[PDB]
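Trainee: Right, I'll just put the structure down here and ask away after.
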Amino acid sequence: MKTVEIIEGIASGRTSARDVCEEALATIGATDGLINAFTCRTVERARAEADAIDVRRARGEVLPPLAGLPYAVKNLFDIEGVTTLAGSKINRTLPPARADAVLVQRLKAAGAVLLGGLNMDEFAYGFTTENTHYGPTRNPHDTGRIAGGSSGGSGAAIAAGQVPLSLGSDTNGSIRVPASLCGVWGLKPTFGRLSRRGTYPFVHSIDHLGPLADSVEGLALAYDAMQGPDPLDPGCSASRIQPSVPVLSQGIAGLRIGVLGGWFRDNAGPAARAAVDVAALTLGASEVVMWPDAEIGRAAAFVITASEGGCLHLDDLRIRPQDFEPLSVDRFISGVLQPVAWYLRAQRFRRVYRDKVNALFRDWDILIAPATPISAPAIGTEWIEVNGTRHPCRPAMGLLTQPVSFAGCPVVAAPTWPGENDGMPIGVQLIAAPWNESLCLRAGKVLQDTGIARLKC
Amino acid sequence: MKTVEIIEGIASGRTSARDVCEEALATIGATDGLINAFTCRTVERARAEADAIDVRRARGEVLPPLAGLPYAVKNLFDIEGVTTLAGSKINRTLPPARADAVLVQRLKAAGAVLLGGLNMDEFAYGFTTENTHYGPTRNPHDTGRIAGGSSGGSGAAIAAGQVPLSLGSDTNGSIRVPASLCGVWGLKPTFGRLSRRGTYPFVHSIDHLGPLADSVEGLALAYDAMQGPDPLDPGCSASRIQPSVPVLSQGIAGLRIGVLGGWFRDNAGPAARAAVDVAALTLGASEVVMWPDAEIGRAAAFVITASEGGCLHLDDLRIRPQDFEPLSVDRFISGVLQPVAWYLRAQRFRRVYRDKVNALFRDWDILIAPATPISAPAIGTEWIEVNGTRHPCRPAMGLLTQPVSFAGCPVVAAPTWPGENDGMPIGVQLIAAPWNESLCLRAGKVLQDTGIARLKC
Amino acid sequence: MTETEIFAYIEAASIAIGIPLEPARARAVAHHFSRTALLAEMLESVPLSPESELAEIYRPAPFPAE
Amino acid sequence: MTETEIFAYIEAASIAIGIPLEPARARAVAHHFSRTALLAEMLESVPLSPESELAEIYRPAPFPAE
Ligand SMILES: [Ca+2]
Ligand SMILES: [Ca+2]
């Protein structure tokens, strides 16, 4: 049963928060041996938080909006008393975190109940959650296939029914990709909306944080709970709260909605195109629109990511290169060796790019693209082919996500189920101008109401 | 004639703008063959602007605050109808500028009269104005010695009595150094105060623009005239005008004024220390204060400067390295080849540095240091000794300026005349918190009233 | 850059920054680098003049209210 | 970090980015680079956590007034 029903069951007294917690714990116990989404279970904490909700309810209090809702978080998020792994072996010996990540604090204040931490590609550098140290996370819809990444555990935990809400990070696609491949909902908010404080970073210039969920209501509820300024967070630009929940069902009448072409069709396979097509038809979108400099946008993001990510880890690459993830360590090293001219040109190009994307959205409210070029490939896949072009599997999963995060535009990834496709899901990106998260969510809600976007529960 | 005399003399009708202009033109004609401050004389324009002021006076109009004041500008400033050289031969094939630099527009609107463009180290990369293409600019107090740089023409033109006001740029010292060595006044405002639009850049992350002058009043008057937001200028963060002229004579009663030690004494020679000592006594300053991480501040500025400056010129360095200034071309190339890790660490350290400097200024209003380690060396000097320690002459001229501009603190460079120093001047930096230009100017005024800071024939 | 130029650069740059690379690892690093070099070439196709600034420029402190 | 390592890096890096360097020019560039390498080493001594961010972080568009 989904987020909204869980919340209502506790709120109305038909079930206790504690019982809902014990069910999720049992489900994780019975399923995670195979799925491998969790790297730690905060059992004692979850039971205490759930009991605390039951006590508030018994006292007659008005319960907060996520009261008793179970969740879990990508293990780059600080959890009080737990060592933040960020998918690494290297971090195991660091001191446990003194406090929760700010977003975890805000979910807690909203009454949500924390079940633990989730597997990821090491240090966030990847799109497949094939972690050499911790094992791959497996796609619940077909356990020989990848969950996507780097927030693989965040996607897989929801698709397996372990929890209804999770948190992930997205720099070049790492929320949108696992949402797409696992068939669940994802929201990458505007760059600078949600506080990054108390998280292990990857690329200072591009990291975003945000929720995945079992429904679009879950996205909106978790997003509103986490909203607000944080003056101690260098990357935060949001000066006030702009609630999405009260207008979630307002619809799309009168909005200008377009379908992205060029880059976003050339790097889309047959299933991806079919998903966009049906989402476009349902949303009344028929004009094909070109995104400015999409390929160059990807290139600049790619350049800045590798140098910032790589250099962040320079001291460790010098002294303990062998303790890094073998699938990405050489990518980090390539990043450190990139000429400084590449970095500076990419940063200068980003100004031009920002001007062009903001100008594009003076004419459009929502733009539609596929989230991944294909559905989930088999674990261990080295190469994929997209419309007759070979790409390495691991970078290529983000071809369609990478340009959009570079401009910082909010995106909802809506889960769809196209027909020529072995029963596997693929997601669609609903993209809006900076600060227009509620338009993304309004569009997702229309997709959900019609049965086009859904989970296979 | 001094600034305030010129302005009042024009305002009251005792002298015409045209006559004041012809005097400056004649002085340039008689002196500049030797001093070599000017690269272009805008004779027709100067006569037209001066006549325009005399006409407004004759019409009964209220004259603007710089009415009839002659000035000139570093040749990185765009002058309408003139090709912007920025000290190079490479720029001579570029089209003439379509418009004046914004600061030039604002001086014109204030009634000031433009006499032309001034010599500089090529592309601003230097502290001595020893230009291979255009010749050295020579120190008017001893023409075998350097004027300092990169704004050498800006300092020398004032010291030779050619003009009472000039404009320069300061990235790592390039205003403060020639002010110090020529014995004139300089103001480097807060980073982001004055609009950079219509100027040839060096380091996007650190360039500042501002005036040099024959008096502290000239600094304040020119600064107020140039103040104001410019939304088309990416680097400007000043949202309103904060007039300095009305409070220039308010004094320093109650202010906390300190003397910088450590770095700022070890890299100060005997004359530099004597200048600080007398300026400190006159301002009531006796406590020694440590600037945070001064040496590292310099290092980070040095790193960012070389890579940003060098990469800005990459296309030309690829095809025509031999047409650059031989004294700096290999420094630009070194910059391009610096590891990206150096650049990113410097940018990360800048955040820490900014926090420490802002925290330091919670306890202090004004802090005092020497502007240069020594007075002007002989043209052609490759090495200097400061308190028995070798430094290369050309970078070393900015040892005391480079840390302070990296934090973006406003600085007035006040000209003083220490003993047993061959009669040569040396400047003192009066440094304040970001946005506190008027405290710097208030302190300079007390130095001027007492005769401690002054110009000489 | 040619494959030979990439090889010489990976070797010299990795030594300079303190990450010495054994032969198989140097080859793997060069493979990733070569792919990134193409993306970097694509950046050069967008014209930038000297006044085209960085996306974000330093702020020394917040501008004071009043 | 040796003289011969610095020289091999200057040569390979300059070829990689497209700046042709004669032997005497490469030596001059190495002289400046070596001085900068010391400043960079000094910078490396300052403790920075992974969460110690860049002085300026991207702003995608101004936050809308209301
Ligand atoms: Ca990535
Ligand atoms: Ca310099």
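Simple scheme: letters A, B, ... for chains in structure tokens order, numbers from 1 for residues in each chain, numbers from 1 for ligands in the order shown.
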Neighbouring residues of ligand 2 are defined here as those with any atom at most 6 Å from a ligand atom, counting only C-alpha atoms and all ligand atoms; list them as number ranges by chain.

Mentor: B: 125-126, 172

Trainee: Write the residues of the preceding selection, restricted to C-alpha atoms, as a JSON list (two decimals), in the first residue's frame.

Mentor:
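Saved to part_37.json:
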```
[["chain", "number", "residue", "atom", "x", "y", "z"],
["B", 125, "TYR", "CA", 50.69, 40.65, -15.89],
["B", 126, "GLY", "CA", 53.33, 42.61, -14.04],
["B", 172, "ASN", "CA", 47.26, 41.51, -7.09]]
```

Trainee: Could you write out as a VMD selection string the residues of chain A within 8 Å of chain D, counting only C-alpha atoms?

Mentor: chain A and resid 190 to 192 199 to 201 204 to 206 234 to 235 237 to 239 312 339 354 358 407 to 409 434 to 435

Trainee: For chain A, which residues have at least one atom within 6 Å of chain B, if we go by only C-alpha atoms? Write them as a short mmCIF file (atom, residue, chain, number, x, y, z; two decimals) with N, CA, C and O atoms, in the first residue's frame, please.

Mentor:
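The resulting file, result-v2.cif, is reproduced below:
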```
data_model
loop_
_atom_site.label_atom_id
_atom_site.label_comp_id
_atom_site.auth_asym_id
_atom_site.auth_seq_id
_atom_site.Cartn_x
_atom_site.Cartn_y
_atom_site.Cartn_z
N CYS A 311 39.79 15.52 -8.00
CA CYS A 311 40.65 16.35 -7.13
C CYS A 311 40.20 16.35 -5.67
O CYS A 311 41.04 16.48 -4.78
N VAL A 340 43.80 22.24 -17.02
CA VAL A 340 43.03 23.30 -16.42
C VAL A 340 42.25 24.16 -17.44
O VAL A 340 41.17 24.69 -17.14
N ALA A 341 42.77 24.30 -18.64
CA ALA A 341 42.01 25.00 -19.68
C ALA A 341 40.62 24.39 -19.95
O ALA A 341 39.70 25.12 -20.27
#
```

Trainee: So which residues touch residue B:431 within 7 Å, counting only C-alpha atoms, skipping near sequence neighbours fewer than 3 positions away, as a VMD selection string?

Mentor: chain B and resid 366 to 368 409 to 412 440

Trainee: Considering only C-alpha atoms, state which residue in the set C:46, C:37, C:12, C:24 is at the smallest distance from chain D.

Mentor: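 With only C-alpha atoms as the atom set, the closest residue is C:12.
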
Trainee: To one decimal place, how far is atom CA of residue C:21 from atom CA of residue A:313 in Å?

Mentor: 16.5 Å

Trainee: Could you superpose chain D on chain C by least squares over every Cα, matched in sequence order, and send it back as an mmCIF file with N, CA, C and O atoms, in the first residue's frame?

Mentor:
```cif
data_model
loop_
_atom_site.group_PDB
_atom_site.id
_atom_site.type_symbol
_atom_site.label_atom_id
_atom_site.label_comp_id
_atom_site.auth_asym_id
_atom_site.auth_seq_id
_atom_site.Cartn_x
_atom_site.Cartn_y
_atom_site.Cartn_z
ATOM 1 N N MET D 1 48.050 15.030 -29.388
ATOM 2 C CA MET D 1 46.766 14.410 -29.810
ATOM 3 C C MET D 1 46.926 12.995 -30.401
ATOM 4 O O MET D 1 45.924 12.282 -30.497
ATOM 5 N N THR D 2 48.142 12.572 -30.770
ATOM 6 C CA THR D 2 48.367 11.170 -31.121
ATOM 7 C C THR D 2 48.338 10.268 -29.871
ATOM 8 O O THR D 2 48.505 10.741 -28.750
ATOM 9 N N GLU D 3 48.174 8.968 -30.111
ATOM 10 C CA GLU D 3 48.223 7.915 -29.102
ATOM 11 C C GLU D 3 49.527 7.935 -28.282
ATOM 12 O O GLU D 3 49.538 7.686 -27.065
ATOM 13 N N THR D 4 50.635 8.187 -28.960
ATOM 14 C CA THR D 4 51.896 8.224 -28.239
ATOM 15 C C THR D 4 52.046 9.531 -27.431
ATOM 16 O O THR D 4 52.702 9.511 -26.400
ATOM 17 N N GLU D 5 51.457 10.627 -27.908
ATOM 18 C CA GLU D 5 51.475 11.888 -27.199
ATOM 19 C C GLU D 5 50.583 11.801 -25.959
ATOM 20 O O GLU D 5 50.976 12.255 -24.885
ATOM 21 N N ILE D 6 49.405 11.193 -26.117
ATOM 22 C CA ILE D 6 48.486 10.967 -24.999
ATOM 23 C C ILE D 6 49.162 10.125 -23.912
ATOM 24 O O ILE D 6 49.116 10.469 -22.744
ATOM 25 N N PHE D 7 49.820 9.050 -24.323
ATOM 26 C CA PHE D 7 50.516 8.194 -23.372
ATOM 27 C C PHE D 7 51.652 8.938 -22.630
ATOM 28 O O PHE D 7 51.771 8.848 -21.420
ATOM 29 N N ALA D 8 52.468 9.699 -23.333
ATOM 30 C CA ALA D 8 53.524 10.455 -22.665
ATOM 31 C C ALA D 8 52.941 11.485 -21.676
ATOM 32 O O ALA D 8 53.527 11.684 -20.624
ATOM 33 N N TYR D 9 51.788 12.087 -22.000
ATOM 34 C CA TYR D 9 51.132 13.097 -21.134
ATOM 35 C C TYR D 9 50.581 12.451 -19.873
ATOM 36 O O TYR D 9 50.842 12.944 -18.771
ATOM 37 N N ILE D 10 49.859 11.343 -20.030
ATOM 38 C CA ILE D 10 49.339 10.594 -18.878
ATOM 39 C C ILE D 10 50.491 10.235 -17.914
ATOM 40 O O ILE D 10 50.384 10.453 -16.701
ATOM 41 N N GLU D 11 51.598 9.720 -18.456
ATOM 42 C CA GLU D 11 52.738 9.364 -17.613
ATOM 43 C C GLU D 11 53.354 10.552 -16.901
ATOM 44 O O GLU D 11 53.576 10.518 -15.701
ATOM 45 N N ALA D 12 53.605 11.627 -17.630
ATOM 46 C CA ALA D 12 54.261 12.814 -17.023
ATOM 47 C C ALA D 12 53.352 13.564 -16.062
ATOM 48 O O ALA D 12 53.808 13.963 -14.992
ATOM 49 N N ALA D 13 52.093 13.751 -16.429
ATOM 50 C CA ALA D 13 51.108 14.439 -15.566
ATOM 51 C C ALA D 13 50.819 13.717 -14.267
ATOM 52 O O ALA D 13 50.613 14.370 -13.223
ATOM 53 N N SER D 14 50.717 12.380 -14.355
ATOM 54 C CA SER D 14 50.453 11.550 -13.159
ATOM 55 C C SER D 14 51.649 11.622 -12.201
ATOM 56 O O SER D 14 51.445 11.794 -11.020
ATOM 57 N N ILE D 15 52.875 11.581 -12.727
ATOM 58 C CA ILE D 15 54.112 11.763 -11.896
ATOM 59 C C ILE D 15 54.130 13.161 -11.286
ATOM 60 O O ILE D 15 54.330 13.298 -10.099
ATOM 61 N N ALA D 16 53.850 14.189 -12.065
ATOM 62 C CA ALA D 16 53.780 15.554 -11.535
ATOM 63 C C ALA D 16 52.860 15.753 -10.341
ATOM 64 O O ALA D 16 53.197 16.515 -9.442
ATOM 65 N N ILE D 17 51.687 15.129 -10.355
ATOM 66 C CA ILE D 17 50.714 15.340 -9.295
ATOM 67 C C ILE D 17 50.839 14.280 -8.172
ATOM 68 O O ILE D 17 50.184 14.379 -7.140
ATOM 69 N N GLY D 18 51.675 13.275 -8.372
ATOM 70 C CA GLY D 18 51.919 12.219 -7.349
ATOM 71 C C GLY D 18 50.991 10.997 -7.368
ATOM 72 O O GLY D 18 50.790 10.381 -6.353
ATOM 73 N N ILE D 19 50.478 10.614 -8.525
ATOM 74 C CA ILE D 19 49.704 9.401 -8.664
ATOM 75 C C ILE D 19 50.533 8.379 -9.425
ATOM 76 O O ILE D 19 50.594 8.419 -10.652
ATOM 77 N N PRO D 20 51.071 7.397 -8.694
ATOM 78 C CA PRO D 20 51.849 6.326 -9.342
ATOM 79 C C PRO D 20 50.983 5.463 -10.242
ATOM 80 O O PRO D 20 49.962 5.026 -9.758
ATOM 81 N N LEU D 21 51.398 5.226 -11.470
ATOM 82 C CA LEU D 21 50.647 4.461 -12.434
ATOM 83 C C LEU D 21 51.519 3.362 -13.040
ATOM 84 O O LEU D 21 52.470 3.667 -13.756
ATOM 85 N N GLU D 22 51.163 2.101 -12.802
ATOM 86 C CA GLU D 22 51.655 0.973 -13.579
ATOM 87 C C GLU D 22 51.329 1.116 -15.068
ATOM 88 O O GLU D 22 50.332 1.752 -15.433
ATOM 89 N N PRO D 23 52.092 0.431 -15.937
ATOM 90 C CA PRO D 23 51.760 0.467 -17.390
ATOM 91 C C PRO D 23 50.297 0.113 -17.784
ATOM 92 O O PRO D 23 49.702 0.808 -18.579
ATOM 93 N N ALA D 24 49.717 -0.939 -17.226
ATOM 94 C CA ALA D 24 48.347 -1.287 -17.543
ATOM 95 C C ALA D 24 47.384 -0.211 -17.015
ATOM 96 O O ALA D 24 46.377 0.094 -17.661
ATOM 97 N N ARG D 25 47.663 0.367 -15.849
ATOM 98 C CA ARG D 25 46.771 1.428 -15.355
ATOM 99 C C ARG D 25 46.871 2.684 -16.237
ATOM 100 O O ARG D 25 45.840 3.264 -16.567
ATOM 101 N N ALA D 26 48.083 3.075 -16.629
ATOM 102 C CA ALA D 26 48.260 4.239 -17.537
ATOM 103 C C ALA D 26 47.478 4.054 -18.843
ATOM 104 O O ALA D 26 46.844 4.999 -19.311
ATOM 105 N N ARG D 27 47.485 2.833 -19.390
ATOM 106 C CA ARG D 27 46.716 2.538 -20.598
ATOM 107 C C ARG D 27 45.196 2.699 -20.394
ATOM 108 O O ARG D 27 44.507 3.348 -21.202
ATOM 109 N N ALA D 28 44.684 2.158 -19.283
ATOM 110 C CA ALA D 28 43.281 2.335 -18.897
ATOM 111 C C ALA D 28 42.903 3.826 -18.719
ATOM 112 O O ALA D 28 41.861 4.273 -19.207
ATOM 113 N N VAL D 29 43.753 4.585 -18.054
ATOM 114 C CA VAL D 29 43.520 6.026 -17.855
ATOM 115 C C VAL D 29 43.491 6.736 -19.206
ATOM 116 O O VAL D 29 42.590 7.526 -19.469
ATOM 117 N N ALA D 30 44.461 6.442 -20.077
ATOM 118 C CA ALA D 30 44.461 6.993 -21.468
ATOM 119 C C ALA D 30 43.214 6.713 -22.257
ATOM 120 O O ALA D 30 42.757 7.595 -22.969
ATOM 121 N N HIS D 31 42.657 5.512 -22.125
ATOM 122 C CA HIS D 31 41.383 5.170 -22.763
ATOM 123 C C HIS D 31 40.275 6.154 -22.332
ATOM 124 O O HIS D 31 39.555 6.694 -23.173
ATOM 125 N N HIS D 32 40.130 6.396 -21.031
ATOM 126 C CA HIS D 32 39.094 7.321 -20.572
ATOM 127 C C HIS D 32 39.422 8.754 -21.030
ATOM 128 O O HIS D 32 38.538 9.493 -21.474
ATOM 129 N N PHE D 33 40.687 9.142 -20.906
ATOM 130 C CA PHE D 33 41.155 10.501 -21.224
ATOM 131 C C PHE D 33 40.891 10.871 -22.672
ATOM 132 O O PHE D 33 40.454 11.991 -22.966
ATOM 133 N N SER D 34 41.147 9.930 -23.564
ATOM 134 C CA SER D 34 40.901 10.127 -24.990
ATOM 135 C C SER D 34 39.479 10.434 -25.334
ATOM 136 O O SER D 34 39.224 11.300 -26.160
ATOM 137 N N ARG D 35 38.560 9.720 -24.696
ATOM 138 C CA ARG D 35 37.129 10.038 -24.802
ATOM 139 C C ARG D 35 36.805 11.438 -24.291
ATOM 140 O O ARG D 35 36.018 12.175 -24.907
ATOM 141 N N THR D 36 37.404 11.827 -23.179
ATOM 142 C CA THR D 36 37.164 13.166 -22.635
ATOM 143 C C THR D 36 37.760 14.263 -23.543
ATOM 144 O O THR D 36 37.177 15.352 -23.672
ATOM 145 N N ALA D 37 38.905 13.962 -24.172
ATOM 146 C CA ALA D 37 39.582 14.916 -25.083
ATOM 147 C C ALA D 37 38.668 15.337 -26.239
ATOM 148 O O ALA D 37 38.693 16.484 -26.668
ATOM 149 N N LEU D 38 37.838 14.415 -26.718
ATOM 150 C CA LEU D 38 36.867 14.685 -27.767
ATOM 151 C C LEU D 38 35.759 15.606 -27.305
ATOM 152 O O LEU D 38 35.299 16.495 -28.067
ATOM 153 N N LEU D 39 35.300 15.387 -26.085
ATOM 154 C CA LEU D 39 34.284 16.260 -25.514
ATOM 155 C C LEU D 39 34.875 17.680 -25.348
ATOM 156 O O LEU D 39 34.223 18.668 -25.657
ATOM 157 N N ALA D 40 36.115 17.755 -24.890
ATOM 158 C CA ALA D 40 36.794 19.032 -24.705
ATOM 159 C C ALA D 40 36.943 19.752 -26.037
ATOM 160 O O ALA D 40 36.752 20.967 -26.077
ATOM 161 N N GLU D 41 37.281 19.016 -27.103
ATOM 162 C CA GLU D 41 37.373 19.617 -28.448
ATOM 163 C C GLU D 41 36.070 20.224 -28.892
ATOM 164 O O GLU D 41 36.051 21.281 -29.440
ATOM 165 N N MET D 42 34.979 19.552 -28.605
ATOM 166 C CA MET D 42 33.630 20.034 -28.912
ATOM 167 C C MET D 42 33.345 21.349 -28.177
ATOM 168 O O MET D 42 32.701 22.253 -28.694
ATOM 169 N N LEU D 43 33.778 21.413 -26.925
ATOM 170 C CA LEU D 43 33.595 22.599 -26.102
ATOM 171 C C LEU D 43 34.356 23.781 -26.678
ATOM 172 O O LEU D 43 33.858 24.890 -26.673
ATOM 173 N N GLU D 44 35.561 23.527 -27.188
ATOM 174 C CA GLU D 44 36.415 24.534 -27.811
ATOM 175 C C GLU D 44 35.800 25.216 -29.035
ATOM 176 O O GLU D 44 36.172 26.321 -29.358
ATOM 177 N N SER D 45 34.841 24.566 -29.688
ATOM 178 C CA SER D 45 34.181 25.084 -30.874
ATOM 179 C C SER D 45 33.176 26.178 -30.568
ATOM 180 O O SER D 45 32.679 26.790 -31.487
ATOM 181 N N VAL D 46 32.827 26.404 -29.310
ATOM 182 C CA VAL D 46 31.831 27.390 -28.967
ATOM 183 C C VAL D 46 32.503 28.749 -28.817
ATOM 184 O O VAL D 46 33.530 28.873 -28.136
ATOM 185 N N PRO D 47 31.960 29.780 -29.489
ATOM 186 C CA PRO D 47 32.644 31.071 -29.438
ATOM 187 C C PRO D 47 32.487 31.706 -28.066
ATOM 188 O O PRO D 47 31.382 31.763 -27.534
ATOM 189 N N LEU D 48 33.611 32.112 -27.495
ATOM 190 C CA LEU D 48 33.648 32.822 -26.247
ATOM 191 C C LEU D 48 34.557 34.026 -26.468
ATOM 192 O O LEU D 48 35.665 33.914 -26.984
ATOM 193 N N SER D 49 34.099 35.187 -26.074
ATOM 194 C CA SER D 49 34.912 36.380 -26.011
ATOM 195 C C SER D 49 35.714 36.418 -24.698
ATOM 196 O O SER D 49 35.292 35.803 -23.681
ATOM 197 N N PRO D 50 36.782 37.228 -24.646
ATOM 198 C CA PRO D 50 37.482 37.406 -23.391
ATOM 199 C C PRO D 50 36.570 37.885 -22.252
ATOM 200 O O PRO D 50 36.773 37.503 -21.096
ATOM 201 N N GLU D 51 35.549 38.674 -22.584
ATOM 202 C CA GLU D 51 34.607 39.143 -21.613
ATOM 203 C C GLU D 51 33.491 38.143 -21.301
ATOM 204 O O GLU D 51 32.615 38.451 -20.512
ATOM 205 N N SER D 52 33.488 36.966 -21.906
ATOM 206 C CA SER D 52 32.560 35.896 -21.500
ATOM 207 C C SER D 52 33.093 35.282 -20.220
ATOM 208 O O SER D 52 34.078 34.536 -20.248
ATOM 209 N N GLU D 53 32.477 35.638 -19.110
ATOM 210 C CA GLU D 53 32.998 35.268 -17.800
ATOM 211 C C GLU D 53 32.540 33.891 -17.260
ATOM 212 O O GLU D 53 31.641 33.245 -17.752
ATOM 213 N N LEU D 54 33.212 33.481 -16.216
ATOM 214 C CA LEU D 54 32.897 32.281 -15.469
ATOM 215 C C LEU D 54 31.453 32.415 -14.966
ATOM 216 O O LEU D 54 31.005 33.519 -14.658
ATOM 217 N N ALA D 55 30.742 31.288 -14.884
ATOM 218 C CA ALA D 55 29.400 31.276 -14.338
ATOM 219 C C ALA D 55 29.322 31.847 -12.918
ATOM 220 O O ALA D 55 28.304 32.463 -12.580
ATOM 221 N N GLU D 56 30.334 31.636 -12.097
ATOM 222 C CA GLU D 56 30.317 32.215 -10.753
ATOM 223 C C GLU D 56 31.550 33.059 -10.430
ATOM 224 O O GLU D 56 32.694 32.588 -10.557
ATOM 225 N N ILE D 57 31.290 34.310 -10.057
ATOM 226 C CA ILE D 57 32.335 35.254 -9.716
ATOM 227 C C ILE D 57 32.327 35.552 -8.196
ATOM 228 O O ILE D 57 31.261 35.720 -7.589
ATOM 229 N N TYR D 58 33.529 35.594 -7.610
ATOM 230 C CA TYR D 58 33.727 35.854 -6.199
ATOM 231 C C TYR D 58 32.889 36.978 -5.553
ATOM 232 O O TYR D 58 32.708 38.062 -6.122
ATOM 233 N N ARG D 59 32.412 36.694 -4.338
ATOM 234 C CA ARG D 59 31.745 37.659 -3.505
ATOM 235 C C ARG D 59 32.520 37.734 -2.168
ATOM 236 O O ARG D 59 32.555 36.744 -1.421
ATOM 237 N N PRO D 60 33.158 38.894 -1.883
ATOM 238 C CA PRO D 60 34.078 38.991 -0.751
ATOM 239 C C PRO D 60 33.397 38.970 0.628
ATOM 240 O O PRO D 60 34.051 38.614 1.601
ATOM 241 N N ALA D 61 32.128 39.336 0.659
ATOM 242 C CA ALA D 61 31.254 39.428 1.847
ATOM 243 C C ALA D 61 29.917 39.977 1.351
ATOM 244 O O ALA D 61 29.893 40.700 0.372
ATOM 245 N N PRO D 62 28.796 39.657 2.040
ATOM 246 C CA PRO D 62 27.506 40.209 1.617
ATOM 247 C C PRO D 62 27.504 41.731 1.686
ATOM 248 O O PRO D 62 28.156 42.316 2.538
ATOM 249 N N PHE D 63 26.793 42.346 0.756
ATOM 250 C CA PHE D 63 26.616 43.792 0.740
ATOM 251 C C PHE D 63 25.781 44.252 1.954
ATOM 252 O O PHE D 63 24.732 43.719 2.187
ATOM 253 N N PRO D 64 26.249 45.247 2.704
ATOM 254 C CA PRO D 64 25.558 45.602 3.975
ATOM 255 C C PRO D 64 24.190 46.238 3.749
ATOM 256 O O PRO D 64 24.051 47.061 2.849
ATOM 257 N N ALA D 65 23.192 45.836 4.536
ATOM 258 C CA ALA D 65 21.814 46.350 4.353
ATOM 259 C C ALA D 65 21.710 47.796 4.805
ATOM 260 O O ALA D 65 22.569 48.266 5.545
ATOM 261 N N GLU D 66 20.702 48.505 4.300
ATOM 262 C CA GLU D 66 20.366 49.880 4.753
ATOM 263 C C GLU D 66 19.212 50.519 4.000
ATOM 264 O O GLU D 66 19.415 51.353 3.103
#
```

Trainee: Looking only at alpha helix (DSSP H) from DSSP on the backbone, list the matching residues of stretch 241-302 of chain A as a list in words.

Mentor: residues 263, 264, 265, 266, 270, 271, 272, 273, 274, 275, 276, 277, 278, 279, 280, 281, 282, 294, 295, 296, 297, 298, 299, 300, 301 and 302 of chain A
